[PDB]
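Participant: Starting off with a structure, shown below.
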Amino acid sequence: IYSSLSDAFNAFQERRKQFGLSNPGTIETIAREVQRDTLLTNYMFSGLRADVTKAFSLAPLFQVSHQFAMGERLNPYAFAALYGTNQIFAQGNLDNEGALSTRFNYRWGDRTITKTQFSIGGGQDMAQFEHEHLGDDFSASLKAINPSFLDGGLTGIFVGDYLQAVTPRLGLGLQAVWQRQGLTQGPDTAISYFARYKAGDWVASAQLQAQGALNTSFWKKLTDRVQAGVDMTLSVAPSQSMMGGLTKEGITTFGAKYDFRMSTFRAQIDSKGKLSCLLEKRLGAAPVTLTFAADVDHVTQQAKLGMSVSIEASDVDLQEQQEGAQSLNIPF
């Protein structure tokens, strides 16, 4: 009986060669093929802050830093550090400016890749659990946010995603968002449709959240040092016919990477009225790096500027770590 399932599996494995190369199935990192380059850059667009980080690696397994945030986060001393072993990564973010907040990340497995990302704050505590379910050409992941329980019941966000290649270059996935907003509140759910078109000339991608709207993106490299991408976001929501809040809207952005040895550069067009630039430079004389950010509003012709400095302490362990850095099996 069950052997026929392994036989159907073998039929899949025979056809697998024809199906093409294996997908890790993570939609968020596929979305990051563009958003690694643009949303992380957008995480870097706040120019209302100076951002200094003072890294002290202790050992290859240990990395200590000090964050000096300003402006929007306003945490000029936010200690942070990360640690780990092969397939183990932990991160600890702490900040103390009247309000207390800290975040801790952890990785629990190799064959059963699982991780946790939880935090506390004065204004909101957050717990994020993720359980990966890696397939042969696909994967699923159980994600949960603030998964509190009731005596005889449960609350919280329990997202279940699945993605599988349908073609050697193209693929499909779903993001089953499920969340319980309360005992009296429902089990809100929505499934995002996800599609990917990973052409080697450009990756197209699209996300249709069932409660949301189709987001699309394109990514290609121009050179081995210059990379570029385009994306579109969409939102639609109905409102009061008498001058209501109709949200039908969309944003298209363009941008590119111009990276150089010891330097990184981002530039993007957010709108006809909005553009951003990010420049980073590593000092060749020392393991420190400088970053400058610009956001220019041409609706009001204003420019938001900011700066970040990150340093790594140099010590004899740094060279010993270069000597001991024989493996990258630590996740990040």
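Labels for the structure tokens follow display order: chains A, B, ..., residues from 1 in each chain, ligands from 1.
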Could the residues of segment 221-307 of chain A that have an atom at most 10 Å from segment 182-202 of chain A be listed as a Markdown table, each with its closest atom pair and the distance in Å to one decimal, counting only C-alpha atoms and ordered by chain and ascending residue number?
Facilitator:
| residue | atom | partner | partner_atom | distance |
| --- | --- | --- | --- | --- |
| A:221 | CA | A:202 | CA | 7.9 |
| A:222 | CA | A:201 | CA | 9.7 |
| A:228 | CA | A:202 | CA | 9.7 |
| A:229 | CA | A:202 | CA | 8.6 |
Participant: Given the selection you just returned, output its residues as a file containing C-alpha atoms, formatted as a PDB file, in the first residue's frame.
Facilitator:
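Writing done, so here's part-v9.pdb:
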ATOM      1  CA  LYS A 221      22.105  42.015 -12.901  1.00  0.00           C
ATOM      2  CA  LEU A 222      23.602  44.431 -15.359  1.00  0.00           C
ATOM      3  CA  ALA A 228      19.298  46.414 -11.104  1.00  0.00           C
ATOM      4  CA  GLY A 229      15.634  45.782 -10.476  1.00  0.00           C
TER       5      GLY A 229
END
Participant: Give me every strand (DSSP E or B) residue in segment 22-256 of chain A, going by DSSP on the backbone, as JSON, numbers by chain.
Facilitator: {"A": [50, 51, 52, 53, 54, 55, 56, 57, 58, 59, 62, 63, 64, 65, 66, 67, 68, 78, 79, 80, 81, 82, 83, 84, 85, 88, 89, 90, 91, 92, 93, 94, 95, 96, 97, 99, 100, 101, 102, 103, 104, 105, 106, 107, 114, 115, 116, 117, 118, 119, 120, 126, 127, 128, 129, 130, 131, 132, 133, 134, 138, 139, 140, 141, 142, 143, 144, 145, 149, 150, 153, 154, 156, 157, 158, 159, 160, 161, 162, 163, 164, 165, 170, 171, 172, 173, 174, 175, 176, 177, 178, 179, 180, 187, 188, 189, 190, 191, 192, 193, 194, 195, 196, 197, 198, 203, 204, 205, 206, 207, 208, 214, 215, 216, 217, 218, 219, 220, 221, 226, 227, 228, 229, 230, 231, 232, 233, 234, 235, 249, 250, 251, 252, 253, 254, 255, 256]}
Participant: Mind dumping the selected residues with C-alpha atoms as a compact mmCIF listing (two decimals), in the first residue's frame?
Facilitator:
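In the end it all went to again.txt:
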# COMPACT_ATOMS: atom_id res chain seq x y z
CA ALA A 50 22.90 58.64 12.52
CA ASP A 51 23.61 54.99 12.80
CA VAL A 52 26.86 53.92 14.37
CA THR A 53 27.64 50.31 15.06
CA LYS A 54 30.69 49.20 17.01
CA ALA A 55 31.37 45.55 16.27
CA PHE A 56 33.86 43.52 18.41
CA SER A 57 34.16 39.99 17.14
CA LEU A 58 35.27 37.83 20.02
CA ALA A 59 35.58 34.56 18.08
CA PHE A 62 30.92 35.36 18.53
CA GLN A 63 30.24 38.84 17.27
CA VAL A 64 29.60 41.72 19.62
CA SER A 65 28.31 45.16 18.52
CA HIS A 66 27.06 48.42 20.00
CA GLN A 67 24.30 50.30 18.21
CA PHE A 68 24.05 54.07 18.31
CA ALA A 78 21.38 49.71 21.83
CA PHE A 79 23.74 46.89 22.60
CA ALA A 80 23.55 44.12 20.12
CA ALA A 81 25.44 40.91 19.38
CA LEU A 82 25.14 37.70 17.44
CA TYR A 83 26.52 34.28 18.15
CA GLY A 84 26.36 30.87 16.56
CA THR A 85 27.63 27.42 15.49
CA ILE A 88 22.94 27.79 14.81
CA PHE A 89 22.58 31.55 14.80
CA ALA A 90 21.49 33.70 17.72
CA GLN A 91 21.05 37.40 17.84
CA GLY A 92 20.50 39.73 20.78
CA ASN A 93 19.27 43.31 20.33
CA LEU A 94 18.90 45.43 23.53
CA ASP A 95 17.94 49.11 23.99
CA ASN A 96 17.40 51.19 27.08
CA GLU A 97 16.02 54.71 26.60
CA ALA A 99 11.44 52.32 27.29
CA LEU A 100 13.01 48.91 27.37
CA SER A 101 13.19 46.63 24.37
CA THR A 102 15.20 43.61 23.35
CA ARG A 103 14.99 41.00 20.59
CA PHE A 104 16.39 37.52 20.51
CA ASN A 105 16.77 35.36 17.45
CA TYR A 106 17.75 31.68 17.54
CA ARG A 107 18.19 28.69 15.15
CA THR A 114 13.48 25.91 12.90
CA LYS A 115 14.12 29.40 14.29
CA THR A 116 12.73 31.91 16.75
CA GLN A 117 12.65 35.70 16.69
CA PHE A 118 11.04 37.16 19.80
CA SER A 119 11.22 40.51 21.46
CA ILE A 120 9.84 42.58 24.17
CA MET A 126 6.44 40.17 19.90
CA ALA A 127 7.15 36.49 19.55
CA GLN A 128 7.94 35.08 16.10
CA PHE A 129 8.37 31.33 15.73
CA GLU A 130 9.27 29.76 12.39
CA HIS A 131 9.37 26.09 11.51
CA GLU A 132 10.79 25.23 8.13
CA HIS A 133 9.63 22.18 6.18
CA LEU A 134 12.14 21.77 3.38
CA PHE A 138 9.71 22.89 -2.52
CA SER A 139 9.20 23.78 1.10
CA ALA A 140 6.65 24.80 3.64
CA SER A 141 7.01 26.93 6.70
CA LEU A 142 4.94 27.36 9.83
CA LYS A 143 5.27 30.86 11.11
CA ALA A 144 3.66 32.22 14.19
CA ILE A 145 3.42 35.64 15.76
CA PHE A 149 -3.02 30.41 24.29
CA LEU A 150 -6.23 30.35 26.28
CA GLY A 153 -8.31 27.67 23.28
CA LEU A 154 -5.63 29.46 21.30
CA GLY A 156 -2.27 34.29 17.48
CA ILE A 157 -0.91 34.29 13.95
CA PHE A 158 -0.17 30.83 12.40
CA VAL A 159 0.94 31.35 8.75
CA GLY A 160 1.57 28.32 6.58
CA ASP A 161 3.41 28.85 3.33
CA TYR A 162 4.23 26.36 0.53
CA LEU A 163 6.19 26.90 -2.67
CA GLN A 164 7.18 24.40 -5.39
CA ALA A 165 8.79 24.83 -8.78
CA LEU A 170 9.11 29.19 -13.11
CA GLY A 171 7.31 28.38 -9.89
CA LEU A 172 4.24 28.81 -7.72
CA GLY A 173 3.53 29.14 -4.01
CA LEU A 174 0.85 30.11 -1.55
CA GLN A 175 1.06 31.95 1.69
CA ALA A 176 -1.65 30.63 3.94
CA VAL A 177 -2.06 33.43 6.38
CA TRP A 178 -4.07 32.32 9.37
CA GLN A 179 -4.52 34.26 12.55
CA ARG A 180 -6.81 34.19 15.52
CA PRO A 187 -9.69 33.01 12.74
CA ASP A 188 -8.79 35.51 10.12
CA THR A 189 -7.24 33.89 7.13
CA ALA A 190 -6.12 34.82 3.65
CA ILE A 191 -3.98 33.07 1.11
CA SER A 192 -1.49 35.00 -0.88
CA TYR A 193 -1.02 33.73 -4.36
CA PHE A 194 2.64 33.70 -5.21
CA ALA A 195 4.17 33.26 -8.61
CA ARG A 196 7.74 33.36 -9.73
CA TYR A 197 9.30 33.59 -13.12
CA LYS A 198 12.97 33.11 -12.50
CA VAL A 203 13.36 37.20 -12.36
CA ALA A 204 9.77 38.27 -12.44
CA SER A 205 7.85 37.77 -9.26
CA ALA A 206 4.39 38.45 -7.99
CA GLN A 207 2.51 38.34 -4.74
CA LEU A 208 -1.24 38.52 -4.52
CA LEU A 214 -0.80 42.01 -6.60
CA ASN A 215 2.73 43.11 -6.05
CA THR A 216 5.14 42.52 -8.87
CA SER A 217 8.84 42.74 -9.41
CA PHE A 218 11.68 42.22 -11.89
CA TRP A 219 15.31 41.54 -11.04
CA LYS A 220 18.44 41.18 -13.18
CA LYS A 221 22.10 42.01 -12.90
CA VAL A 226 26.11 46.63 -11.23
CA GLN A 227 22.77 45.09 -10.52
CA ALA A 228 19.30 46.41 -11.10
CA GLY A 229 15.63 45.78 -10.48
CA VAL A 230 12.11 47.15 -10.78
CA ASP A 231 9.04 46.56 -8.74
CA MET A 232 5.40 47.50 -8.36
CA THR A 233 3.22 47.47 -5.31
CA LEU A 234 -0.58 47.48 -5.40
CA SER A 235 -3.34 48.21 -2.92
CA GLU A 249 -3.13 52.92 -5.44
CA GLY A 250 0.17 51.58 -6.76
CA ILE A 251 3.87 52.39 -6.48
CA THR A 252 6.54 51.51 -9.04
CA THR A 253 10.18 51.73 -8.14
CA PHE A 254 13.36 51.45 -10.13
CA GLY A 255 16.83 50.99 -8.81
CA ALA A 256 20.30 49.66 -9.09
Participant: Residues within 12 Å of residue 319 of chain A, please, as a VMD selection string. Count only C-alpha atoms; anything in the same chain fewer than 4 positions from it doesn't count.
Facilitator: chain A and resid 57 to 60 287 313 to 315 323 to 325
Participant: With only C-alpha atoms as the atoms that count, which of A:11, A:19, A:332, A:39 lies nearest to residue 168 of chain A?
Facilitator: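 Of A:11, A:19, A:332, A:39, the one nearest residue 168 of chain A is A:19, counting only C-alpha atoms.
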Participant: Select, from A:286, A:246, A:1, A:210, the residue with the minimum atom-to-atom distance to residue 318 of chain A, counting only C-alpha atoms.
Facilitator: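 Among the listed residues, A:286 lies closest to residue 318 of chain A.
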